[PDB]
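Working notes, beginning with the structure itself.
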Ligand code: SF4
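In this note's numbering, the protein residues as written are 484 to 667.
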């Protein structure tokens, strides 16, 4: 827990290793203090996969959902705590839910307005992808290549390109582990 914990998953150091879908889910969680079912699962299970303990997860999710009076701790405990515990098996269900790979994520129903699950390389506009990638210090040429992949429907290749351009068999947790190790 000294490395991956409820507080460190909000740090720049750890979050620099997230792929765009996880970055998007964290941003929606930060802005809205809530995520709908599909994004709640995609993000909760990705964090379980990178080693966030069950105890630190309940800290992370309860703090994020109750921020700025968005809901009382009571409402969190009555309406969400069970669902988050179930993702770790804490309520006695003997299923160890596995993190979603890219194919699984792309296969979920496409996000609509207010949703943050899915794959930004498919689900975002070029304008929104361009700005996000500019903010990650990518150049014009580099962004055009990434978008070429997006236009061909080759989302996991576009993601791989972004990994390659931001560092000096398709799975968000694999992106995280590969990026974290280059960070060490
Ligand atoms: S390709 Fe996979 S890891 Fe990359 S942004 Fe899309 S769903 Fe996430």
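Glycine included, each C-beta is placed from N, C-alpha and C at the ideal position.
Distance between residue 524 and residue 623, taken at the CA atoms: about 34 angstroms.
Close CB contacts of residue 637 within its chain, under the 7 angstroms cut and outside five residues either way in sequence, are absent. In chain order, 626 place their CB closer than 7 angstroms to the CB of residue 613, counting only its own chain and leaving out the 5 sequence neighbours on each side.
For residue 594, the shortest C-beta to heavy atom distance toward ligand 1 is 7 angstroms or greater. Per DSSP, reduced to three states, the secondary structure at residue 556 is helical. Those residues having their beta-carbon less than 6 angstroms away from any non-hydrogen atom of ligand 1 are, in chain order, 502, 503, 504, 585, 588, 602, 603, 604, 638, 639, 642, 653, 655 and 658. For residue 585, same chain residues with a beta-carbon under 8 angstroms away, outside a window of 5 residues either side, are 602, 638, 639, 642, 653, 654 and 655 in chain order.
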